[PDB]
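Worksheet: the structure to be examined is printed underneath.
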Amino acid sequence: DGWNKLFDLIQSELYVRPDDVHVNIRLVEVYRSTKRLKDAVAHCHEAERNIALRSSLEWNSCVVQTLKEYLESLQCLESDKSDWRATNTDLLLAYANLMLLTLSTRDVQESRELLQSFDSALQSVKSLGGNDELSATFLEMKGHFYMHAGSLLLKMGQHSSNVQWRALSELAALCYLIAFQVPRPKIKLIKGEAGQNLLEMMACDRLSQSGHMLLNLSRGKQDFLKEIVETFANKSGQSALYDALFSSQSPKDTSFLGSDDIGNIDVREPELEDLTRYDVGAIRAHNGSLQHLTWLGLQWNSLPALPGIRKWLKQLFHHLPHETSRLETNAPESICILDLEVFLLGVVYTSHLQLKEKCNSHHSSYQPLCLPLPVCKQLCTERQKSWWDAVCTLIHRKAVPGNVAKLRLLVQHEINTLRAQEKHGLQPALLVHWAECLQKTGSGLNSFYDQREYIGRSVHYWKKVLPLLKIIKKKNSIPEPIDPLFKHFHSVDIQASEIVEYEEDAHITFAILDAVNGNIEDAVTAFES
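Each residue of the sequence shown is one higher than the one before, counting from 145 in the deposited numbering.
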């Protein structure tokens, strides 16, 4: 009697607000308690479409539990074995997501018990085998397992001695390495067109996250990957890994980590040309959260290349224009990809200097760049995050009359600082970094129009720097802003000797701009004739 009256209220509320985390979870509980367990999984399968739920730990925890219950039911074990395999795929995937969220927002214990439960899930499915969505899904999920295993190891050593950090970090390299060895999933074996994009997406995030970690650990040491595979790829490593990750007293025969064979590890270091393609493919794996982007950007500060922020944004926001003619205004409707790329460069620029300041007081007991994505803390200020989350909900046009007021003003507040307008909190060094990256990134483009856009901003920012350089040239102090969007650091204070060199670069870029326009004029008149 009561369950039915409550079912109507939940369902009628989902009519208008179908993305609420708690309201959806209460519906899953109703279907579970009312013996309609099949309809429960049917909802989670259909609610996973919404990404706001995929990012919630409470949701994935509910999807795992309800999926595990449905496997033990007769309505599943009998009705269809293909549906049984389909439900197993969803379970392995939910575990992976849940394992990711747990590592970032929980302690070492709860994450361990989950990985151990994850291990039991893999063990149970490896006997089936096959060659379909479940077989292809199982292989990719094995990589996430080892990947998250490495993330767990580095997390444990974060609060241990340095000698312990060596033993754990070495074992972590093994896990990440094994995860990178896993081949790309065969997209041909998947059923749904969305599933093909998903598994491909997850594969990229596995390679990008693991790959950058392999390099982050083997940068300081020579042939680091070789020593690891020689000593730890042996059966001794499996016993050292299992005993390290899980409670050694648990049965090792019934565990996947102990039974799995680690044969023919390529001991190959990831290539940068491949990582860039992985990062771009993994941009959507975390819904483009500013924590994910700022992390990828920080990786390339130690690597010999620039982060493909242009391709990242062009991949995230397709319809968003490159540049707006209203560079004078700060209206949030005129937001463009450059406004975002220039913003992301600032967050990465400030984030790297803040980590360095904490590291100097902490004496690099743990290198700032060497922590994995889930473990490390929030890498951006809450103000910078508020802007990104606000602009994203506006570009995607997922706003509400009760939000438009807040989302607009939160964006408009910073457009001045991004476009170097009146009272921008930009430090002279930061503006240069923008002009340098925008000039460099723009020249490498093939479309003469796209070159003009990026190189155009570089000229714009350069013009906004020169007045500040003359002031530093004359040994006159620039006014330090009040509560700037991007923190000022004295470690990058421009000095007299550097003023003349920048004035050159500025005049050069101006000429590069005129050269591009010149080639566009040649193309224009040729199209007229």
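Using N, Cα and C, we set each Cβ at its ideal position, and we do this for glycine too.
6 Å Cβ shell around residue i - same chain, five flanking residues per side excluded
i           : result
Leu464      : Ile481 and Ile539
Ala426      : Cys348, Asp349 and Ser352
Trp309      : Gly301
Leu484      : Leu457
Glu213      : none
residue 108 : Here the chain comprises residues numbered 145 to 673, so residue 108 is not present and cannot be evaluated.
Alpha-carbon to alpha-carbon, residue j and residue i
i      : j      : result
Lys299 : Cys581 : 33 Å
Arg527 : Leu629 : 7 Å
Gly588 : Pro451 : 13 Å
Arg161 : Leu236 : 28 Å
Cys206 : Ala184 : 10 Å
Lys619 : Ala640 : 8 Å
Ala579 : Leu570 : 12 Å
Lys455 : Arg421 : 10 Å
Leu419 : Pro448 : 12 Å
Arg193 : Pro572 : 44 Å
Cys503 : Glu477 : 39 Å
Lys458 : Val486 : 14 Å
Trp228 : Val544 : 40 Å
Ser391 : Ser255 : 13 Å
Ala670 : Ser591 : 16 Å
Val326 : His189 : 27 Å
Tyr510 : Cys524 : 19 Å
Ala230 : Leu197 : 20 Å
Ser433 : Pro623 : 33 Å
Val519 : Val535 : 26 Å
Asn431 : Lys286 : 22 Å
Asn275 : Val373 : 30 Å
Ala240 : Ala377 : 24 Å
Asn306 : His507 : 12 Å
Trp531 : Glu472 : 20 Å
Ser248 : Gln435 : 11 Å
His568 : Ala549 : 23 Å
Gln556 : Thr468 : 15 Å
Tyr598 : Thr585 : 7 Å
For residue j and residue i, believed in contact at Cβ under 8 Å, the rounded distance
i           : j      : result
residue 706 : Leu358 : Past the boundaries of the shown model lies residue 706; the chain is included only from 145 to 673, so the question cannot be answered.
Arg428      : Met345 : 6 Å
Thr246      : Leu201 : 7 Å
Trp147      : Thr178 : 5 Å
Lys182      : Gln219 : 6 Å
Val208      : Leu242 : 6 Å
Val668      : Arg596 : So it is not a contact: roughly 12 Å between Cβ atoms.
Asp234      : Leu211 : 6 Å
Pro512      : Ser295 : Actually they are not in contact, since the Cβ atoms of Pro512 and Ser295 sit about 16 Å apart, beyond 8 Å.
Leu497      : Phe633 : 5 Å
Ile643      : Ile626 : Between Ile626 and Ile643 the Cβ distance is about 25 Å, and since that is not below 8 Å, they are no contact.
Neighbourhood of residue i by C-beta distance below 8 Å, restricted to the same chain and skipping five residues each side
i      : result
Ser264 : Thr398, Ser399 and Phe400
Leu361 : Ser313, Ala316, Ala317, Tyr320, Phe368 and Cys514
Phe654 : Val603 and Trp606
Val269 : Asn232, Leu236, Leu278 and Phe282
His187 : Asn168, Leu171, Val172 and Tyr175
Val492 : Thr438, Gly441, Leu442, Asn445 and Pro451
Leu158 : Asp164, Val167, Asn168 and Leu171
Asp666 : none
Limits of the unbroken alpha helix (DSSP H) element including residue i
i      : result
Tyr290 : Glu277 to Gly301
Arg454 : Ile453 to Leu460
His436 : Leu434 to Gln443
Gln382 : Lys379 to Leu389
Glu257 : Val252 to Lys270
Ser305 : From DSSP, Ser305 is part of no alpha helix (DSSP H); its letter is neither H nor E.
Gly339 : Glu337 to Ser362
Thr468 : It is not in any alpha helix (DSSP H) - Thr468 carries neither H nor E in the DSSP assignment.
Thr669 : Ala640 to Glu672
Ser495 : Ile481 to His506
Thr420 : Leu416 to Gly425
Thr473 : First-last for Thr473: undefined, no H or E at that position.
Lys370 : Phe368 to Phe376
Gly402 : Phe400 to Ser403
Residues near residue i by beta carbon distance below 7 Å, same chain, minus five either side
i      : result
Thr494 : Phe630 and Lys631
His356 : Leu419 and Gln443
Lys396 : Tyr386 and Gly402
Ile334 : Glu277, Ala280, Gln340 and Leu343
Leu416 : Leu447 and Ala449
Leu575 : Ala564, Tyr605, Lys608 and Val609
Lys330 : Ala280
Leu489 : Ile453, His577, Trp578 and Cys581
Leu460 : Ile427 and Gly432
| query | Counting only runs that start and end within the segment 530–598, where is the alpha helix (DSSP H) found for 4 or more residues in a row? | reply | 545–562 and 572–587
| said: At 4 residues or longer, what runs of the alpha helix (DSSP H) sit wholly inside the segment 152–239? | reply: 165–177, 181–191, 195–198, 201–215 and 218–221
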